[PDB]
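Q: Chains as they are written, first to last, in PDB author numbering: chain L, 3 to 9, 11 to 27, 27A to 27B, 28 to 95, 95A to 95B, 96 to 106, 106A, 107 to 211; chain H, 1 to 82, 82A to 82C, 83 to 269. No residue lacks a Cβ here, since even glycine has one placed at the ideal position from N, Cα and C.
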Amino acid sequence: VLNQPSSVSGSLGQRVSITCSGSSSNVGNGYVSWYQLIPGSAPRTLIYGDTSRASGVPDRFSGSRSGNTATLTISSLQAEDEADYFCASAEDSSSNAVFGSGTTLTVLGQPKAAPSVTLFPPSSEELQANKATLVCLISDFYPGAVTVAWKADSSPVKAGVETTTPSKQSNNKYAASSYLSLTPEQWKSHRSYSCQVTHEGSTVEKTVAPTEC
Amino acid sequence: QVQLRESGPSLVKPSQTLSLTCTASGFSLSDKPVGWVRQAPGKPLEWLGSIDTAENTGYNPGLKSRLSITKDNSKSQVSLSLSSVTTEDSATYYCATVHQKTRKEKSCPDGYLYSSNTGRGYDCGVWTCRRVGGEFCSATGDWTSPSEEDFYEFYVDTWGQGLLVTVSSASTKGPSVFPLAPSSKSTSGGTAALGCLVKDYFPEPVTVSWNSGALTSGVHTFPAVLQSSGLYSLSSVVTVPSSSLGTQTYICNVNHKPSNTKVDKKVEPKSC
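Structure representation (structure tokens):
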């Protein structure tokens, strides 16, 4: 496996570089490739033959190699460049490919945004199926690091909680979701339930009550 | 246009042989070599194998004893087989057109170039690796013979879409779709958020659209959580006008191909 940095970060409009270190039998042979993997889409070939730009790739992407170390350089860093990046090389055969450990690229400089939080109580249908699920959706926030807590009445509750990792939307802001799995009896006993989303020191709390509909 | 589509099971029991098929489009298999690449959750890309125009196959060494790749130019298909699968083989599998080429070249060491002239320009006659700057034609430290070297060229041209394969002894389960209707206190001014909760399905993936793809403004299908039961749950949300609640109907279209299930759930407004 070709050693790459686990995660790098750059600023919008700036220039960033990602290294790919191997040995004399692969990257030293002198034919390194680079691929961009955006969450959801198919892998995209960026560079082949150390320096050759792939078809349709913009000129902002550049490839270089020094000895046993290749480098992918992205100039004029755009927001759509947030992705994983992998290097690859043949080794002792044109059919024996070895990939790199991958590098996650984080693009900085985008506007900050407080999260919009929506707390759905258990639907009537789900309660009629002897199940209760409190859903807490968190949309339109940046940076993509939030922390969710759950309150039964006003006490903290931790059992039955499942929270997703923030993932980017089509508008390039981050989104996350949290679930509190309750039996209908637990949903009826307490007077209220609350979802607390903490983002950059601010805490937005939404609350639903079983007394309402 | 060159396309490659993967097909096969979304779920395979441990110890079984995962078999996948790649349908090629826009080119002849007798022209471009076709290979397979997988990625496990949180793991790097991993090479599997390839078959070229001359039907010769080449595999990842560490997996060669379990891999078999065949090709049919007539049906224009490429088949992959991985035996004795385990949970470590749960991954996304792509097929793709790959460039492979061996180059049986001649090579000179560093500081030496293939020439028949010294640094000053005196014609030595014989072509050989001569030291850059050297002034003698046959001095020991001014020449060496060309060494035959093989240079390997590899890259991945066009990637397929990617098929998610899950290896587990647990059985398939279809999803249960519940509504996430916005109440009067849940709105956000002129707009409101409403969605669908897709509970308890296995295995992944599940895709959700809204109003048969006609409603795209604000749609976001969240990642799935794995509950302690081994089943997945997912949510999808869409932003609609608050004034239209009660008038315009909204329906989420959930698709779970691993179980051949499609659910169109109508999210009706809360009366409060």
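1) Just how far apart, CA to CA, sit H/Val2 and L/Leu38?
2) Can you list, in chain order, the stretches of the beta strand (DSSP E) that have 3 or more residues and sit fully within the stretch 109-145 of chain L?
3) Leaving out five residues on either side along the sequence, give the residues of the same chain with a beta carbon under 6 Å from the beta carbon of L/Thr161.
4) At a Cβ threshold of 8 Å, is L/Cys211 touching chain H?
5) Check this for me: beta carbons of H/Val95 and H/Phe151, under 8 Å apart or not?
6) Can you list, in chain order, the stretches of the beta strand (DSSP E) that have 3 or more residues and sit fully within the stretch 33-61 of chain H?
7) Which residue comes first and which comes last in the alpha helix (DSSP H) that contains L/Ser187?
8) Please report how far the alpha carbon of H/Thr141 lies from the alpha carbon of H/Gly131, in whole angstroms.
9) Pick from H/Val237, H/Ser214, H/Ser185: whose alpha carbon is nearest that of L/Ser168?
10) Can you list the residues of chain L that H/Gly159 reaches, using a CB-CB cut of under 7 Å?
11) Could you give the uninterrupted runs of the beta strand (DSSP E) lying entirely in the stretch 201-232 of chain H, keeping only those of 3 residues or more?
12) May I ask which residues mark the beginning and end of the beta strand (DSSP E) holding H/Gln3?
13) From which residue to which residue does the beta strand (DSSP E) around L/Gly64 run?
14) Any idea what DSSP makes of H/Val129, helix, strand or coil?
15) For H/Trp124, does the count of other Cβ atoms within 10 angstroms reach 16, so buried, or fall short, so exposed?
16) Please confirm whether H/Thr99 has its beta-carbon closer than 8 Å to some beta-carbon of chain L.
17) One question on the structure: do H/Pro200 and H/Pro255 come within less than 8 Å of each other, judged by their Cβ atoms?
18) Check L/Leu38 in the structure and name its three-state DSSP category.
19) Can a CB atom of chain L be found closer than 8 Å to the CB of H/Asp154?
20) Return the Cβ separation of L/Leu106A and L/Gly13 in integer angstroms, given the expectation that the two are a contact with Cβ distance under 8 Å.
21) By Cβ distance, which residues of its chain are closer than 7 Å to H/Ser206, with the 5 residues on each side in sequence left out?
22) Does H/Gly58 come within less than 8 Å of chain L when only Cβ atoms are used?
23) Run through the DSSP bridge pairs and tell me what H/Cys92 is partnered with.
24) Do H/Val37 and H/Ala24 have their C-beta atoms closer together than 8 Å?
25) What first and last residue would you give for the beta strand (DSSP E) that runs through H/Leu177?
26) Less than 8 Å separating the beta-carbons of L/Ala112 and L/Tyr32?
27) Tell me the rounded alpha-carbon separation between L/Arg45 and L/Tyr36.
28) Buried or exposed: which applies to L/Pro119, given that a residue is buried once 16 or more other Cβ atoms fall within 10 Å of its Cβ?
29) Is H/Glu145 close to chain L? Criterion is C-beta to C-beta, closer than 8 Å.
30) Looking only at DSSP bridge pairs, what is H/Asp261 linked to?
31) Cutting at 7 Å between CB atoms, please list the residues of its own chain near L/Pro208, excluding the five before and the five after it.
32) Which value, in whole angstroms, describes the spacing of the CA atoms of H/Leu45 and H/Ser112?
33) Ordered along the chain, which non-local residues of its own chain (more than five positions away) have a Cβ less than 8 Å from that of L/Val97?
34) Please classify H/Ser183 as buried or exposed, where buried requires at least 16 neighbouring CB atoms within 10 angstroms.
A: Reading off the structure:
1) By 1-based counting over the second sequence, the position of residue 2 of chain H is 2. By 1-based counting over the first sequence, the position of residue 38 of chain L is 37. When rounded, the distance between both Cα atoms is 19 Å.
2) Taking only runs of at least 3 residues, the beta strand (DSSP E) segments lying wholly in the stretch 109-145 of chain L are 114-118, 130-139.
3) For the purposes of this step, residue 161 of chain L is taken as the residue at position 163 of the first sequence. Within the same chain, L/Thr161 has close Cβ partners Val146, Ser176.
4) As a position in the first sequence, residue 211 of chain L is number 213, starting the count at 1. Closer than 8 Å to some Cβ of chain H, the Cβ of L/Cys211 qualifies, so yes.
5) Within the second sequence, numbered from 1, the residue matching residue 95 of chain H stands at position 98. Within the second sequence, numbered from 1, the residue matching residue 151 of chain H stands at position 154. Contact flag set, yes.
6) Along the length of the stretch 33-61 of chain H, whole beta strand (DSSP E) runs at least 3 residues long occupy 34-39, 45-51, 57-59, reported in chain order.
7) In the first sequence, the residue the question calls residue 187 of chain L occupies position 189. Looking at the DSSP string, the run of the alpha helix (DSSP H) that includes L/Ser187 is 182-187.
8) The residue labelled residue 141 of chain H in the question sits at position 144 within the second sequence. The residue labelled residue 131 of chain H in the question sits at position 134 within the second sequence. Taking the straight line from one Cα to the other gives about 12 Å.
9) As a first step, residue 168 of chain L is located in the first sequence; it is residue number 170 there, counting from the start. Nearest in C-alpha terms to L/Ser168, of all of H/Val237, H/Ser214, H/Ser185, is H/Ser214.
10) The residue labelled residue 159 of chain H in the question sits at position 162 within the second sequence. Within chain L, the residues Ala43 have their CB atoms less than 7 Å from the CB of H/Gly159, given in chain order.
11) The qualifying runs are 204-207.
12) The count along the second sequence starts at 1 and reaches residue 3 of chain H at position 3. From DSSP, the beta strand (DSSP E) with H/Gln3 extends over 3-7.
13) As a first step, residue 64 of chain L is located in the first sequence; it is residue number 63 there, counting from the start. DSSP places L/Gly64 in the uninterrupted beta strand (DSSP E) bounded by 62-67.
14) The residue given as residue 129 of chain H occupies position 132 in the second sequence. Correct three-state label for H/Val129: coil.
15) Locating residue 124 of chain H in the second sequence gives position 127, where the first residue counts as 1. It is exposed - the Cβ of H/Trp124 has fewer than 16 other Cβ atoms within 10 Å.
16) Along the second sequence, read from residue 1 onward, the residue named residue 99 of chain H stands at position 102. Closer than 8 Å to the CB of H/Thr99 there is at least one CB belonging to chain L.
17) Counted from its first residue, the second sequence places residue 200 of chain H at position 203. Counted from its first residue, the second sequence places residue 255 of chain H at position 258. Contact: yes.
18) Numbered from its first residue, the first sequence carries residue 38 of chain L at position 37. L/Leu38 falls in the strand class under three-state DSSP.
19) Along the second sequence, read from residue 1 onward, the residue named residue 154 of chain H stands at position 157. H/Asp154 counts as touching chain L.
20) Here residue 106A of chain L corresponds to residue number 108 of the first sequence, with the count starting at 1. Here residue 13 of chain L corresponds to residue number 10 of the first sequence, with the count starting at 1. That pair is a contact at about 7 Å.
21) Here residue 206 of chain H corresponds to residue number 209 of the second sequence, with the count starting at 1. Answer for H/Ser206: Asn250, listed in chain order.
22) Locating residue 58 of chain H in the second sequence gives position 58, counting from the first residue. Interface residue, yes.
23) Within the second sequence, numbered from 1, the residue matching residue 92 of chain H stands at position 95. Looking at the DSSP output, H/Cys92 shares a beta bridge with H/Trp36.
24) Your numbering for residue 37 of chain H matches position 37 in the second sequence. Your numbering for residue 24 of chain H matches position 24 in the second sequence. Inclusion of H/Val37 and H/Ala24 in the CB contact set at 8 Å is not warranted, their separation being larger than that value.
25) Here residue 177 of chain H corresponds to residue number 180 of the second sequence, with the count starting at 1. Annotation: the continuous beta strand (DSSP E) that includes H/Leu177 extends over 173-177.
26) As a working note, residue 112 of chain L is residue 114 in the first sequence. As a working note, residue 32 of chain L is residue 31 in the first sequence. It is not a contact, given that the beta carbons lie outside the stated cut-off.
27) Taking the first residue of the first sequence as position 1, residue 45 of chain L is located at position 44. Taking the first residue of the first sequence as position 1, residue 36 of chain L is located at position 35. As the crow flies, the alpha-carbon of L/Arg45 is around 5 Å from that of L/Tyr36.
28) Here residue 119 of chain L is taken as the residue at index 121 of the first sequence, counted from 1. Classification for L/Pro119: buried.
29) Counting from 1 along the second sequence, the entry for residue 145 of chain H is found at position 148. Cβ-Cβ to chain L under 8 Å: no for H/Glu145.
30) As a working note, residue 261 of chain H is residue 264 in the second sequence. H/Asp261 has H/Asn250 as its beta-bridge partners, per DSSP.
31) On the first sequence, position 210 is the one that residue 208 of chain L refers to. In chain order, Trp185, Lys186 place their CB closer than 7 Å to the CB of L/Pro208, counting only its own chain and leaving out the 5 sequence neighbours on each side.
32) In the second sequence, counting from the first residue as 1, residue 45 of chain H sits at position 45. In the second sequence, counting from the first residue as 1, residue 112 of chain H sits at position 115. The alpha-carbon atoms of H/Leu45 and H/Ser112 are separated by roughly 43 Å.
33) Taking the first sequence and counting its residues from 1, the one referred to as residue 97 of chain L is at position 98. If we look at L/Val97 and ignore the five residues flanking it on each side, its Cβ neighbours are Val3, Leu4, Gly25, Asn27B, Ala89, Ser90, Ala91, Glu92.
34) Translated into positions along the second sequence, residue 183 of chain H becomes position 186. With 16 or more other Cβ atoms within 10 Å, it is buried.
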